[PDB]
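All remarks here apply to the structure that follows.
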Amino acid sequence: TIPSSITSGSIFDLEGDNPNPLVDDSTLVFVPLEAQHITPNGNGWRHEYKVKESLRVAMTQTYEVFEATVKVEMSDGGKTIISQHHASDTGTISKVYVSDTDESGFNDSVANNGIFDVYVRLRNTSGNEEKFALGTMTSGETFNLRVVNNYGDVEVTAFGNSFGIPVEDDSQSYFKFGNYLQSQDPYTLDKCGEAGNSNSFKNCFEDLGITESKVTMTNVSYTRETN
Ligand SMILES: [Ca+2]
């Protein structure tokens with residue numbers, strides 16, 4: 001069953017209340033094309049869980065392990081973030097993607113062919129992002145995800161493939177997971193729409209032909225300790 005940290009919101013705030021991702025006691029369904037929930041400065045719609053502000057400490061002060069069985073159903077050309085760490089100023093620390101773009105450097109890297117690259121970006125201690133391909137999948141396939149933050153040493157495992165490095169520290173860091181559908185052209189990689197304007201993303205997704213986006217998570221666990 002889904003743990004209380006999520007189902008009672010003891011650790012995680014729900015980002016995107018309607019519909020609720022908890023469809024039964026053992027399943028989370030994330031549908032941002034329905035939730036249509038934004039951040040104040042992002043490009044896209046999300047349906048996700050987020051470690052509440054009142055629990056946040058530094059990356060180097062947290063030990064956390066998130067694990068889930070993850071099924072992804074998404075339109076060709078779609079790009080989503082299924083888990084991520086952010087710094088107090090909103091800055092990216094880690095992001096795990098499932099995307100069907102032509103960004104180079106992954107196993108597929110072919111725009112809009114229905115073969116999704118699954119990869120991770122991690123911000124190293126020098127402030128630079130490093131990226132690593134973990135695998136590929138097609139819409140409707142399932143894989144197992146593990147995200148470990150070992151006091152600032154971040155490791156991501158998908159398809160049994162692992163990559164990890166020490167990341168740039170920040171004072172009030174937080175973890176999110178779910179389905180953060182990015183409003184972004186899979187060819188030029190240009191972001192589309194206007195931050196803070198939900199209606200702008202409606203149109204981006206429409207014209208990009210992104211009308212399918214459902215991430216289903218089961219066998220979910222989350223462990224957290226602070227030092
Ligand atoms: Ca592709």
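Ordering of the structure tokens sets the chain letters (A, B, ...); residue numbers start at 1 within each chain; ligands are numbered from 1 in the order shown.
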Which residues, written as number ranges by chain, have at least one atom at most 10 Å from stretch 202-213 of chain A, with only C-alpha atoms counted and residues fewer than 6 positions away on the same chain left out? A: 30-34, 36, 43-45, 72-80, 139, 179-186, 191-194
Write the residues of the selection above to a file with N, CA and C atoms, as a compact mmCIF listing (two decimals), in the first residue's frame.
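Saved as again_11.txt:
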```txt
# COMPACT_ATOMS: atom_id res chain seq x y z
N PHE A 30 -1.02 10.02 -11.97
CA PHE A 30 -0.67 11.42 -12.18
C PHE A 30 -1.06 11.88 -13.59
N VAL A 31 -1.98 12.84 -13.66
CA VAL A 31 -2.53 13.30 -14.94
C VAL A 31 -2.56 14.82 -15.04
N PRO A 32 -1.42 15.42 -15.42
CA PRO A 32 -1.30 16.88 -15.45
C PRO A 32 -2.17 17.56 -16.51
N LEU A 33 -2.56 16.84 -17.56
CA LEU A 33 -3.48 17.42 -18.55
C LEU A 33 -4.87 17.61 -17.95
N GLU A 34 -5.13 16.93 -16.83
CA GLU A 34 -6.36 17.12 -16.07
C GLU A 34 -6.14 18.04 -14.88
N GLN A 36 -3.78 20.26 -14.48
CA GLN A 36 -3.46 21.59 -15.02
C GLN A 36 -2.85 22.54 -13.99
N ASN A 43 7.54 25.98 -16.87
CA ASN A 43 6.86 25.86 -18.16
C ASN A 43 6.21 24.51 -18.30
N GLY A 44 4.93 24.43 -17.95
CA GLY A 44 4.19 23.19 -18.06
C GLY A 44 3.14 23.00 -16.98
N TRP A 45 2.55 21.80 -16.98
CA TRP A 45 1.52 21.44 -16.03
C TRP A 45 2.04 20.24 -15.26
N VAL A 72 4.57 4.66 -17.66
CA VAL A 72 4.41 5.94 -18.34
C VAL A 72 3.61 5.81 -19.63
N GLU A 73 2.53 6.58 -19.73
CA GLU A 73 1.78 6.67 -20.97
C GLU A 73 1.76 8.13 -21.40
N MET A 74 2.29 8.40 -22.59
CA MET A 74 2.51 9.78 -23.02
C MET A 74 2.53 9.90 -24.53
N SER A 75 2.05 11.03 -25.02
CA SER A 75 2.07 11.33 -26.44
C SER A 75 3.50 11.34 -26.98
N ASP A 76 3.64 10.97 -28.25
CA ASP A 76 4.90 11.12 -28.97
C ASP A 76 5.33 12.57 -28.84
N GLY A 77 6.63 12.80 -28.70
CA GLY A 77 7.16 14.14 -28.53
C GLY A 77 7.01 14.71 -27.12
N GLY A 78 6.35 13.99 -26.24
CA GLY A 78 6.17 14.45 -24.87
C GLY A 78 7.44 14.40 -24.02
N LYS A 79 7.49 15.25 -23.00
CA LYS A 79 8.63 15.28 -22.09
C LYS A 79 8.14 15.60 -20.69
N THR A 80 8.46 14.73 -19.73
CA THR A 80 8.02 14.93 -18.35
C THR A 80 9.12 14.65 -17.35
N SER A 139 5.60 4.16 -24.73
CA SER A 139 4.40 4.49 -23.96
C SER A 139 3.70 3.21 -23.52
N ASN A 179 4.41 13.61 -12.11
CA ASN A 179 4.35 13.82 -13.55
C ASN A 179 4.31 15.32 -13.84
N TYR A 180 5.49 15.90 -14.05
CA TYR A 180 5.60 17.31 -14.38
C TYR A 180 5.86 17.43 -15.87
N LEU A 181 4.76 17.59 -16.61
CA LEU A 181 4.78 17.59 -18.06
C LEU A 181 5.33 18.93 -18.54
N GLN A 182 6.44 18.89 -19.27
CA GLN A 182 7.11 20.12 -19.69
C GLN A 182 6.56 20.68 -21.01
N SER A 183 6.24 21.97 -21.02
CA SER A 183 5.75 22.63 -22.22
C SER A 183 6.96 23.03 -23.06
N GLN A 184 7.34 22.17 -23.98
CA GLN A 184 8.63 22.29 -24.64
C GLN A 184 8.59 21.58 -25.98
N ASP A 185 9.14 22.23 -27.01
CA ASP A 185 9.16 21.66 -28.35
C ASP A 185 10.23 20.57 -28.44
N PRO A 186 9.85 19.36 -28.88
CA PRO A 186 10.76 18.21 -28.88
C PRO A 186 11.83 18.28 -29.97
N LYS A 191 11.35 26.11 -24.77
CA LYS A 191 10.19 26.10 -23.90
C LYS A 191 9.08 26.94 -24.52
N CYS A 192 7.84 26.54 -24.25
CA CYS A 192 6.68 27.16 -24.86
C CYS A 192 5.80 27.69 -23.75
N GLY A 193 5.04 28.75 -24.05
CA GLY A 193 4.13 29.34 -23.09
C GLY A 193 4.77 30.40 -22.23
N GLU A 194 4.07 30.81 -21.19
CA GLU A 194 4.52 31.89 -20.32
C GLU A 194 4.37 31.50 -18.87
```
Please write out the residues within 10 Å of ligand 1 as a list in words, counting only C-alpha atoms and all ligand atoms.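 Going residue by residue within 10 Å of ligand 1, we get residues 76, 77, 78, 98, 99, 100, 101, 102, 103, 106, 107, 108, 109, 110, 111, 112, 113, 114, 115, 116, 117, 118, 136, 137, 138 and 186 of chain A.
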Can you write out the residues you just picked, keeping N, CA, C and O atoms, as an mmCIF file, in the first residue's frame?
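And here is the file that came out, part-v8.cif:
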```
data_model
loop_
_atom_site.group_PDB
_atom_site.id
_atom_site.type_symbol
_atom_site.label_atom_id
_atom_site.label_comp_id
_atom_site.auth_asym_id
_atom_site.auth_seq_id
_atom_site.Cartn_x
_atom_site.Cartn_y
_atom_site.Cartn_z
ATOM 1 N N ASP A 76 3.642 10.966 -28.248
ATOM 2 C CA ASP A 76 4.898 11.124 -28.965
ATOM 3 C C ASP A 76 5.326 12.573 -28.844
ATOM 4 O O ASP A 76 4.486 13.471 -28.881
ATOM 5 N N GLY A 77 6.630 12.800 -28.695
ATOM 6 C CA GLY A 77 7.156 14.145 -28.528
ATOM 7 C C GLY A 77 7.014 14.715 -27.123
ATOM 8 O O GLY A 77 7.501 15.805 -26.845
ATOM 9 N N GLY A 78 6.345 13.987 -26.235
ATOM 10 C CA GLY A 78 6.169 14.453 -24.870
ATOM 11 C C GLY A 78 7.436 14.402 -24.023
ATOM 12 O O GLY A 78 8.347 13.612 -24.276
ATOM 13 N N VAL A 98 11.529 11.528 -18.672
ATOM 14 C CA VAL A 98 11.106 10.589 -19.698
ATOM 15 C C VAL A 98 10.718 11.462 -20.883
ATOM 16 O O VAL A 98 9.738 12.208 -20.813
ATOM 17 N N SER A 99 11.492 11.404 -21.962
ATOM 18 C CA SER A 99 11.249 12.340 -23.054
ATOM 19 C C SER A 99 11.537 11.802 -24.461
ATOM 20 O O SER A 99 12.392 10.945 -24.662
ATOM 21 N N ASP A 100 10.805 12.336 -25.431
ATOM 22 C CA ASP A 100 10.850 11.845 -26.803
ATOM 23 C C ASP A 100 11.291 13.016 -27.678
ATOM 24 O O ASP A 100 10.565 13.452 -28.576
ATOM 25 N N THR A 101 12.478 13.544 -27.377
ATOM 26 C CA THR A 101 13.004 14.710 -28.071
ATOM 27 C C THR A 101 14.269 14.358 -28.845
ATOM 28 O O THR A 101 14.703 13.204 -28.864
ATOM 29 N N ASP A 102 14.864 15.360 -29.477
ATOM 30 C CA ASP A 102 16.110 15.138 -30.193
ATOM 31 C C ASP A 102 17.302 15.805 -29.508
ATOM 32 O O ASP A 102 18.317 16.067 -30.150
ATOM 33 N N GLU A 103 17.172 16.087 -28.210
ATOM 34 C CA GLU A 103 18.347 16.439 -27.418
ATOM 35 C C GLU A 103 19.342 15.303 -27.581
ATOM 36 O O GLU A 103 18.989 14.131 -27.430
ATOM 37 N N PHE A 106 21.641 10.755 -25.609
ATOM 38 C CA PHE A 106 20.947 9.616 -25.019
ATOM 39 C C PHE A 106 20.941 8.428 -25.971
ATOM 40 O O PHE A 106 21.506 8.498 -27.058
ATOM 41 N N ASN A 107 20.309 7.335 -25.559
ATOM 42 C CA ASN A 107 20.308 6.106 -26.348
ATOM 43 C C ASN A 107 19.510 6.257 -27.638
ATOM 44 O O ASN A 107 19.891 5.734 -28.687
ATOM 45 N N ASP A 108 18.396 6.975 -27.560
ATOM 46 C CA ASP A 108 17.579 7.195 -28.747
ATOM 47 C C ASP A 108 17.835 8.582 -29.337
ATOM 48 O O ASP A 108 18.401 8.708 -30.427
ATOM 49 N N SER A 109 17.450 9.619 -28.599
ATOM 50 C CA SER A 109 17.686 11.001 -29.009
ATOM 51 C C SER A 109 17.046 11.379 -30.348
ATOM 52 O O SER A 109 17.522 12.277 -31.035
ATOM 53 N N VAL A 110 15.964 10.695 -30.707
ATOM 54 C CA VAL A 110 15.239 10.994 -31.938
ATOM 55 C C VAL A 110 13.895 11.641 -31.595
ATOM 56 O O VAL A 110 13.083 11.039 -30.917
ATOM 57 N N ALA A 111 13.661 12.867 -32.043
ATOM 58 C CA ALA A 111 12.397 13.539 -31.737
ATOM 59 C C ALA A 111 11.172 12.780 -32.244
ATOM 60 O O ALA A 111 11.156 12.269 -33.366
ATOM 61 N N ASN A 112 10.157 12.689 -31.393
ATOM 62 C CA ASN A 112 8.812 12.376 -31.848
ATOM 63 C C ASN A 112 8.681 11.029 -32.548
ATOM 64 O O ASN A 112 7.927 10.909 -33.511
ATOM 65 N N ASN A 113 9.401 10.014 -32.072
ATOM 66 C CA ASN A 113 9.270 8.681 -32.646
ATOM 67 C C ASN A 113 8.666 7.681 -31.665
ATOM 68 O O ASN A 113 8.660 6.485 -31.925
ATOM 69 N N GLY A 114 8.161 8.165 -30.531
ATOM 70 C CA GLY A 114 7.533 7.275 -29.559
ATOM 71 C C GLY A 114 8.498 6.420 -28.746
ATOM 72 O O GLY A 114 8.091 5.554 -27.965
ATOM 73 N N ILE A 115 9.788 6.652 -28.928
ATOM 74 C CA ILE A 115 10.791 5.968 -28.118
ATOM 75 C C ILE A 115 11.305 6.981 -27.108
ATOM 76 O O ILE A 115 11.957 7.941 -27.473
ATOM 77 N N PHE A 116 10.988 6.781 -25.838
ATOM 78 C CA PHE A 116 11.321 7.783 -24.838
ATOM 79 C C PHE A 116 12.671 7.515 -24.209
ATOM 80 O O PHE A 116 12.936 6.407 -23.758
ATOM 81 N N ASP A 117 13.524 8.533 -24.188
ATOM 82 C CA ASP A 117 14.754 8.452 -23.408
ATOM 83 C C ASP A 117 14.401 8.651 -21.944
ATOM 84 O O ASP A 117 13.601 9.523 -21.605
ATOM 85 N N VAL A 118 14.980 7.825 -21.084
ATOM 86 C CA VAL A 118 14.881 8.038 -19.653
ATOM 87 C C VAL A 118 16.267 8.380 -19.156
ATOM 88 O O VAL A 118 17.204 7.596 -19.326
ATOM 89 N N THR A 136 15.664 3.428 -22.320
ATOM 90 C CA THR A 136 14.575 3.858 -23.190
ATOM 91 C C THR A 136 13.321 3.035 -22.918
ATOM 92 O O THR A 136 13.393 1.933 -22.381
ATOM 93 N N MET A 137 12.169 3.590 -23.279
ATOM 94 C CA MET A 137 10.905 2.892 -23.131
ATOM 95 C C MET A 137 9.915 3.416 -24.156
ATOM 96 O O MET A 137 10.118 4.479 -24.749
ATOM 97 N N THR A 138 8.847 2.658 -24.363
ATOM 98 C CA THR A 138 7.730 3.123 -25.170
ATOM 99 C C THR A 138 6.556 3.380 -24.250
ATOM 100 O O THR A 138 6.524 2.887 -23.122
ATOM 101 N N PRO A 186 9.848 19.360 -28.880
ATOM 102 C CA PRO A 186 10.759 18.205 -28.881
ATOM 103 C C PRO A 186 11.834 18.284 -29.969
ATOM 104 O O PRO A 186 12.754 17.468 -29.968
#
```
Residue A:96 surroundings by only C-alpha atoms, 8 Å radius, close-in-sequence under 5 positions cut, as a PyMOL selection string: chain A and resi 81-84+118-121
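Non-sequential neighbours of stretch 57-60 of chain A (distance at most 8 Å, separation of 4 or more positions within a chain, only C-alpha atoms) are residues 149, 150, 151, 152, 153, 169, 170, 171, 172, 173, 174 and 226 of chain A.
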Dump of N, CA and C atoms for the selected residues, as a PDB file, in the first residue's frame:
```
ATOM      1  N   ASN A 149      19.137  10.106  -2.118  1.00  0.00           N
ATOM      2  CA  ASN A 149      19.947  11.240  -1.705  1.00  0.00           C
ATOM      3  C   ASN A 149      20.677  10.849  -0.435  1.00  0.00           C
ATOM      4  N   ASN A 150      21.937  10.446  -0.582  1.00  0.00           N
ATOM      5  CA  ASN A 150      22.751  10.070   0.570  1.00  0.00           C
ATOM      6  C   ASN A 150      23.550  11.276   1.064  1.00  0.00           C
ATOM      7  N   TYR A 151      22.877  12.133   1.834  1.00  0.00           N
ATOM      8  CA  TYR A 151      23.489  13.344   2.375  1.00  0.00           C
ATOM      9  C   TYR A 151      24.254  14.140   1.319  1.00  0.00           C
ATOM     10  N   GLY A 152      23.633  14.348   0.161  1.00  0.00           N
ATOM     11  CA  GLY A 152      24.240  15.150  -0.884  1.00  0.00           C
ATOM     12  C   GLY A 152      24.886  14.337  -1.998  1.00  0.00           C
ATOM     13  N   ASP A 153      25.012  13.034  -1.783  1.00  0.00           N
ATOM     14  CA  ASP A 153      25.435  12.123  -2.838  1.00  0.00           C
ATOM     15  C   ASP A 153      24.182  11.536  -3.471  1.00  0.00           C
ATOM     16  N   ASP A 169      25.215  21.648  -2.828  1.00  0.00           N
ATOM     17  CA  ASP A 169      24.388  21.721  -1.631  1.00  0.00           C
ATOM     18  C   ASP A 169      23.512  22.977  -1.633  1.00  0.00           C
ATOM     19  N   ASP A 170      22.395  22.911  -0.910  1.00  0.00           N
ATOM     20  CA  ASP A 170      21.529  24.066  -0.679  1.00  0.00           C
ATOM     21  C   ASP A 170      20.785  23.904   0.641  1.00  0.00           C
ATOM     22  N   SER A 171      20.424  25.030   1.259  1.00  0.00           N
ATOM     23  CA  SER A 171      19.977  25.070   2.659  1.00  0.00           C
ATOM     24  C   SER A 171      18.561  24.552   2.957  1.00  0.00           C
ATOM     25  N   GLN A 172      17.659  24.664   1.986  1.00  0.00           N
ATOM     26  CA  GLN A 172      16.275  24.238   2.187  1.00  0.00           C
ATOM     27  C   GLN A 172      15.781  23.456   0.980  1.00  0.00           C
ATOM     28  N   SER A 173      16.361  22.279   0.779  1.00  0.00           N
ATOM     29  CA  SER A 173      16.107  21.478  -0.412  1.00  0.00           C
ATOM     30  C   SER A 173      14.838  20.636  -0.258  1.00  0.00           C
ATOM     31  N   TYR A 174      14.242  20.254  -1.381  1.00  0.00           N
ATOM     32  CA  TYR A 174      13.058  19.407  -1.325  1.00  0.00           C
ATOM     33  C   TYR A 174      12.904  18.489  -2.536  1.00  0.00           C
ATOM     34  N   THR A 226      17.085  12.898   8.812  1.00  0.00           N
ATOM     35  CA  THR A 226      17.885  14.102   8.807  1.00  0.00           C
ATOM     36  C   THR A 226      19.021  13.892   9.804  1.00  0.00           C
TER      37      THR A 226
END
```
Which of stretch 68-166 of chain A end up as strand (DSSP E) when DSSP is run on this backbone - answer as number ranges by chain? A: 68-74, 79-86, 92-99, 115-123, 129-138, 142-150, 153-158, 161-166
Residues within 12 Å of stretch 3-20 of chain A, please, as an MDAnalysis selection string. Count only C-alpha atoms; anything in the same chain fewer than 6 positions from it doesn't count. chainID A and resid 26:39 45:56 64 66:68 174:180 218:225
Keeping only C-alpha atoms, write the selected residues as a PDB file, in the first residue's frame.
```
ATOM      1  CA  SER A  26      -2.025   0.961  -3.678  1.00  0.00           C
ATOM      2  CA  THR A  27      -1.956   3.213  -6.736  1.00  0.00           C
ATOM      3  CA  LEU A  28      -1.047   6.773  -7.684  1.00  0.00           C
ATOM      4  CA  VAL A  29      -2.220   8.155 -11.026  1.00  0.00           C
ATOM      5  CA  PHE A  30      -0.670  11.423 -12.176  1.00  0.00           C
ATOM      6  CA  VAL A  31      -2.525  13.296 -14.940  1.00  0.00           C
ATOM      7  CA  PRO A  32      -1.300  16.882 -15.448  1.00  0.00           C
ATOM      8  CA  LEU A  33      -3.480  17.418 -18.548  1.00  0.00           C
ATOM      9  CA  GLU A  34      -6.363  17.117 -16.068  1.00  0.00           C
ATOM     10  CA  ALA A  35      -4.767  18.632 -12.970  1.00  0.00           C
ATOM     11  CA  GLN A  36      -3.462  21.586 -15.023  1.00  0.00           C
ATOM     12  CA  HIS A  37      -1.362  22.737 -12.055  1.00  0.00           C
ATOM     13  CA  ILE A  38       1.573  25.135 -12.476  1.00  0.00           C
ATOM     14  CA  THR A  39       4.507  26.598 -10.578  1.00  0.00           C
ATOM     15  CA  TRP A  45       1.520  21.437 -16.028  1.00  0.00           C
ATOM     16  CA  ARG A  46       2.194  19.052 -13.162  1.00  0.00           C
ATOM     17  CA  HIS A  47       0.523  16.487 -10.966  1.00  0.00           C
ATOM     18  CA  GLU A  48       2.938  15.549  -8.205  1.00  0.00           C
ATOM     19  CA  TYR A  49       3.850  15.256  -4.519  1.00  0.00           C
ATOM     20  CA  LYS A  50       6.255  17.644  -2.810  1.00  0.00           C
ATOM     21  CA  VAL A  51       8.111  17.539   0.514  1.00  0.00           C
ATOM     22  CA  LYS A  52       6.475  20.289   2.611  1.00  0.00           C
ATOM     23  CA  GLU A  53       8.421  23.462   3.473  1.00  0.00           C
ATOM     24  CA  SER A  54       8.267  22.748   7.206  1.00  0.00           C
ATOM     25  CA  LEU A  55      10.417  19.616   6.793  1.00  0.00           C
ATOM     26  CA  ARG A  56      13.130  20.975   4.503  1.00  0.00           C
ATOM     27  CA  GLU A  64      16.213   9.898   1.621  1.00  0.00           C
ATOM     28  CA  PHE A  66      12.349   7.001  -2.926  1.00  0.00           C
ATOM     29  CA  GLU A  67      11.304   3.879  -4.833  1.00  0.00           C
ATOM     30  CA  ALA A  68       8.409   3.158  -7.177  1.00  0.00           C
ATOM     31  CA  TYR A 174      13.058  19.407  -1.325  1.00  0.00           C
ATOM     32  CA  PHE A 175      12.076  16.298  -3.288  1.00  0.00           C
ATOM     33  CA  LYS A 176       9.107  15.978  -5.669  1.00  0.00           C
ATOM     34  CA  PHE A 177       7.811  13.023  -7.680  1.00  0.00           C
ATOM     35  CA  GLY A 178       4.957  12.426 -10.082  1.00  0.00           C
ATOM     36  CA  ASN A 179       4.353  13.824 -13.548  1.00  0.00           C
ATOM     37  CA  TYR A 180       5.595  17.315 -14.375  1.00  0.00           C
ATOM     38  CA  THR A 218       2.745   1.387  -7.467  1.00  0.00           C
ATOM     39  CA  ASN A 219       4.967  -0.363  -4.931  1.00  0.00           C
ATOM     40  CA  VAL A 220       5.920   3.054  -3.581  1.00  0.00           C
ATOM     41  CA  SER A 221       8.234   3.576  -0.637  1.00  0.00           C
ATOM     42  CA  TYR A 222       9.913   6.610   0.869  1.00  0.00           C
ATOM     43  CA  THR A 223      12.502   6.729   3.660  1.00  0.00           C
ATOM     44  CA  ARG A 224      13.732   9.977   5.172  1.00  0.00           C
ATOM     45  CA  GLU A 225      16.153  10.873   7.933  1.00  0.00           C
TER      46      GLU A 225
END
```
Compile the contact shell of residue A:70 as an MDAnalysis selection string: residues with an atom at most 7 Å away, counting only C-alpha atoms, same-chain residues fewer than 2 positions apart removed. chainID A and resid 68 72 142:145 215:218
With C-alpha atoms retained, write the just-selected residues as a PDB file, in the first residue's frame.
```pdb
ATOM      1  CA  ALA A  68       8.409   3.158  -7.177  1.00  0.00           C
ATOM      2  CA  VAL A  72       4.411   5.939 -18.337  1.00  0.00           C
ATOM      3  CA  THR A 142       6.692   0.003 -16.821  1.00  0.00           C
ATOM      4  CA  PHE A 143      10.058   0.306 -15.036  1.00  0.00           C
ATOM      5  CA  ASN A 144      11.391   0.452 -11.478  1.00  0.00           C
ATOM      6  CA  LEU A 145      12.760   3.779 -10.223  1.00  0.00           C
ATOM      7  CA  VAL A 215       2.167   8.262 -14.900  1.00  0.00           C
ATOM      8  CA  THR A 216       1.068   5.406 -12.672  1.00  0.00           C
ATOM      9  CA  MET A 217       3.078   4.515  -9.592  1.00  0.00           C
ATOM     10  CA  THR A 218       2.745   1.387  -7.467  1.00  0.00           C
TER      11      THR A 218
END
```
Run DSSP on the backbone of this structure and report the residues of stretch 79-213 of chain A it assigns to helix (DSSP H, G or I), as a ChimeraX atom specification. /A:198-207
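In this structure, atom CA of residue A:94 sits 4.5 Å away from atom CA of residue A:122.
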For atom CA of residue A:89 and atom CA of residue A:127, quote the distance in Å rounded to one decimal.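 Between these atoms lies a distance of 13.8 Å.
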